[PDB]
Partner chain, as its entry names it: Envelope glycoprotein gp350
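Presented as structure tokens, the chain that follows is alone, the form solved without its partner chain.
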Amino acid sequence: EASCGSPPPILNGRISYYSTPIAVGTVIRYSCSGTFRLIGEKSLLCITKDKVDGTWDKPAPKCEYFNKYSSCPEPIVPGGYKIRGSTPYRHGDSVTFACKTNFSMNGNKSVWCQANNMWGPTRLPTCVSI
């Protein structure tokens, strides 16, 4: 059966338990110590596109040293709406979006407020009328 290689490591962070070989369907969780903030989706899933090679479904998140002064402006996604997240958006805070009725999403539904005062680590999702 297809399997995944070692999960992407994380500076100043930890990964939850995983057995080897890593079977397709395996999920691992990332976390950071108290003085750091996890940026990006915390859970990775081992998938396979061709049933021969296994690959993780997304890049690993990262741990950023807490910057207490950082804040992000209200993120806006045309055709979509915020379903989770409250202002003010400080370092490590996240917002989740859903597309309006008759719109379909492309991209990650959640973004995080980074130390550089920008939303990331990915672009905000796009909601397209279908």
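Numbering follows the first chain given and starts at 1.
Note that the form deposited with its partner chain bound isn't included here; everything after this is about it.
- When its partner chain is considered in the bound PDB entry, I15 lines it closely, a heavy atom lying within 4.5 Å.
- In the bound PDB entry, none of the heavy atoms of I76 sits within 4.5 Å of a heavy atom of its partner chain.
- Among heavy atoms of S71, none comes within 4.5 Å of its partner chain in the bound PDB entry.
- Residues from 92-128 that approach its partner chain in the bound PDB entry with a non-hydrogen atom within 4.5 Å are limited to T101.
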